[PDB]
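A structural walkthrough
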Number of protein chains: 2
Amino acid sequence: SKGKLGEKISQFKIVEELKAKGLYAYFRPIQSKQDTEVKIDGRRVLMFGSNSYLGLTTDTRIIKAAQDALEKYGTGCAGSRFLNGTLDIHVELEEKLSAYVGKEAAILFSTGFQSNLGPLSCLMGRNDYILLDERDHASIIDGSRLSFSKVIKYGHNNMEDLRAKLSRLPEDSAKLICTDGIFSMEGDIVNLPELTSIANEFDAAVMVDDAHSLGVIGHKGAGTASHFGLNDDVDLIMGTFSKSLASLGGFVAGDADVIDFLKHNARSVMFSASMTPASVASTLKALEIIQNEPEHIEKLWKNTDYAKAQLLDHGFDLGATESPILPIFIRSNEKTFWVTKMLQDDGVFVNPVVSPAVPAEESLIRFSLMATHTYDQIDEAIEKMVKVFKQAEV
Amino acid sequence: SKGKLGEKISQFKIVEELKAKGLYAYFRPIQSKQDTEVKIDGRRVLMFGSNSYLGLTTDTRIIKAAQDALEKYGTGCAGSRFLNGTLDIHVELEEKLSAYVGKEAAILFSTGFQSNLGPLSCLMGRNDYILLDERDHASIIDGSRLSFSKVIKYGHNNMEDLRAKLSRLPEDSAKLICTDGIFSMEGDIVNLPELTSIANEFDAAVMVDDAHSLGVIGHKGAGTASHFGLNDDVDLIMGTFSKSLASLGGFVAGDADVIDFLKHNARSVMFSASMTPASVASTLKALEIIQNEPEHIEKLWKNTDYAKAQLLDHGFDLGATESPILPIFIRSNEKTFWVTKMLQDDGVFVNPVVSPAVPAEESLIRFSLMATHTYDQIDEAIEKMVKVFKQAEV
Ligand SMILES: Cc1ncc(COP(=O)(O)O)c(CNCC(=O)O)c1O
Ligand SMILES: Cc1ncc(COP(=O)(O)O)c(CNCC(=O)O)c1O
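Residues numbered from 1 in each chain as written, not as in the entry; some residues may be left out. Chains lettered and ligands numbered in written order. Heavy atoms only, no water.

For this deposition, the record names X-ray crystallography as the technique by which the model was determined and cites 1.450 Å as its resolution.

This is the structure:
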């Protein structure tokens, strides 16, 4: 029955307003492979809003690996890993990931999102605590909420606030600190040396979400612990396959005893169907390519350094990025929607960040680099961005 | 740091005990396509533990559709649907699903699990209520927990307990009833006529999870509302693609206003990467096949009716199934593990249900049919099951 349900959704009008003004640019329907240019409505659009940092979703070797896995294994495993959903190739991928991030063991999940839900929901319980950076990804907030623990947020990269909040807590309790490695909004890196120093003082577990770090920072792209040399101070390394690894799915890597507990206690792996064979194969081949072909990471950072310098030289106001995420401040929600749509209509795809995700005065567009971008494409996007920021009067 | 974390996992010894006794049969590594026979450790094993009800994960047309989508679109969309992750083929699949279940609109999620999280987390809020059948799937319990509402469980298919629990609630609040259509444990069907009758009396929204119903009950497999003719009394139809549809992903279908609210407010679609092209294409082709080839559903039910009659004639104690899930009671956790492993070692794959999921005296094996099974295979499995139940002294 719909009476109260209709009332619950009645006040949500921002989408009707964006559509009526001709500003709507969510769920833009792409007609082609994710690449430096995509086809939208039959026309070519430069893609600066992707998470495919190494451009690997179009690698013919990766497509072929996925197609060969369909031929051998079919379209799906039709069950949880726990029951009838495990393939030899899932186990192979766990072994290869464990080696890549320097841990004993790993467990796959069918999404990155579900990779966060698993350990956050089942390790800390009643009378225990989870400490979260306030900018942590939605999946981390949701995972922690599924736990029976007390969830405490600390100020963004604020080690005094983390330390104080941990100091308040009863000694006879378990504590788990979970952080993004690279934060997607501003593209900044966690203070992992200080956070792990605090964790070691209070015997808290440390979990890092490396969604935006894998294939980006660390030796051969192995992520945030690898970047800082702090593998031995991080209990759990979470990753997704949907970004540099060009696929779908995720993982959690750690000590074999903790991983064995997770694979038999995390509801998001016990009660969800396993990754498709095509996605296991594509992830395995992308992981081989990231490690054996240092070019990709190198070219990603040449593009990042080039685009960042060009944006600062044109007078754009950038956030405190340390990654291929270039946050360009606009500081008005209306201007952010307008700039986004005008760029779309001129052949440039960027992602807006607006209220209520952020305060109006912190609204921005995120311009993300891909190893496969050219300096010519970067130049064309920035040319168009200068013109639209002028038209918009930013 | 690991001191307290080590203590949190210290008491979990059932897996070490199962492995040490040689009884462990979780995460069995399959070497072949999901089919009526699978390869485990180089040997052939009859599969009676699958959710591929129509045997479609090996359909050459479905494999080819997936392989052609890899060729055109690549290995992944590398973002949320909300941003850079929408393809024309995702929209096509939503339109085809909406038509199939008789609703205005639909939104895809990358997993079934995440399809439950979406509407349960964002429609009911502070001062509202979610009413759940106590046997509802883990993803429904987890979705409801992510809401800011009060979650109330009612007795399994107990309409007096649902009615009483709703009667206690303040009139000026929203209420949402969520149920499995077919329940996976016992394979029983929700009392949807009575539940919708109650919902209509209290103006509560109705959501049905049709994970085990799609491709199984309803006209051309359209699910539980379709089975009862109650499309107009169900607000939201949830489905997965991982079972009859032989893929990965899921959906929620409903009124265009509710679906528009979900696609801009459900964290599990806004903040998770979209389905892979291969999985969209495989789902589209499976959905065409289920509707255009009535054979598949027909043969599933011939196998179900045959196997159920054969089990009852051999004196097995079955649960109150109304589906291709045949629950065979064992009523001892030890016997359930032993029967499971002995069947594995004799070439038969079944799924155990044990404590703490159920009371010891309700422990069972689930024997699930596939349209592609033969009567010869059914006969061979039941022959082996009689022998193992004798060896085990059930
Ligand atoms: C009733 C029900 N609802 C939702 C889901 C989630 O769908 P996905 O597996 O596609 O994420 C399942 C999964 N069934 C697998 C299990 O519980 O083992 C299910 O049985
Ligand atoms: C930091 C972080 N962690 C986890 C995930 C979840 O991974 P999957 O998308 O593979 O489920 C994302 C997703 N980023 C997409 C977004 O927020 O739009 C992420 O940005």
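The structure having been displayed, the exposition proceeds.
A word on the interface of chain A and chain B
We apply this condition: Residues count as neighbours in contact if any of their non-hydrogen atoms are within 4.5 Å of one another. Two parts lose some accessible area (1.4 Å probe) when they are put together, and adding that loss for both gives the buried area. Salt bridge, as used here: a side-chain nitrogen of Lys or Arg that lies within 4 Å of a carboxyl oxygen of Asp or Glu. What qualifies as a polar contact is a pair of N or O atoms within 3.5 Å, subject to a donor-acceptor requirement within protein and to the restriction that residues adjacent in sequence count only when both atoms come from side chains. Helix and strand assignments come from DSSP, with helices taken as H or I runs of at least 4 residues and strands as E runs of at least 2, each series counted from the N terminus. Three classes are used, and their members are as follows: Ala, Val, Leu, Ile, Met, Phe, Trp, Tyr, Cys and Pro are nonpolar, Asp, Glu, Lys and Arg are charged, and the others, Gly among them, are polar.
Listed by partner, the interface residues are 103 residues for chain A and 103 residues for chain B. In this assembly, chain A packs against chain B so that about 8700 Å² is buried in total across both faces, 58% of it on carbon and sulfur atoms. Contact with chain B buries area across many residues of chain A, yet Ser1(A), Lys4(A) and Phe27(A) alone supply 10% of it, more than any other trio. Our count for the contact surface shared by chain A and chain B stands at 14 salt bridges. The partner of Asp257(B) in a salt bridge is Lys2(A), and the shortest N-O contact between them spans 2.8 Å. If you look at where chain A meets chain B, you find 48 residue pairs in polar contact. A total of eight residues in the side of chain A that touches chain B trace back to one element, the largest contributor, which is helix α3 (residues 60-73) of chain A. Along the lines of polarity and charge, the residues of the side of chain A that touches chain B split into 43 nonpolar, 36 polar and 24 charged.

A short note on the site of ligand 1
Heads up, the rule is: Any residue with a heavy atom positioned within 4 Å of a molecule or strand is treated as near that molecule or strand. Accessible areas in this description were obtained via Shrake-Rupley with a 1.4 Å probe; residue shielding takes into account the shown protein chains only.
Around ligand 1 sit 19 residues, and of these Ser272(A), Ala273(A), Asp209(B), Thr240(B) and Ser242(B) come closest. The residues that come close to ligand 1 belong to more than one chain, namely chains A and B. The contact in question runs from an oxygen atom of ligand 1 to an N or O atom on the side chain of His137(B), over 2.9 Å. A distance of 2.7 Å is found between an oxygen atom of ligand 1 and a side-chain nitrogen or oxygen belonging to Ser242(B). Taken by itself ligand 1 offers 470 Å² of open surface, and the protein chains cover 94% of this.

A word on the pattern of salt bridges
Counted by the stated rule, this structure contains 46 salt bridges over all chains. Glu293(B) is the partner of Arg61(B) in a salt bridge, and the nearest nitrogen-oxygen pair spans 2.7 Å. Pair noted here: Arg61(B) is in helix α3 (residues 60-73) and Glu293(B) is in the loop between α12 (277-292) and α13 (295-313), with a separation of 232 residues, a long-range link. Between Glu380(B) and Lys384(B) there is a salt bridge whose closest N-O contact spans 3.6 Å. One end of the pair is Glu380(B) and the other is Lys384(B), both in helix α15 (residues 375-392) and four residues apart, which spans about a single turn. Residues participating in the shared-partner salt-bridge network are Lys4(A), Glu7(A), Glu171(B) and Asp172(B).

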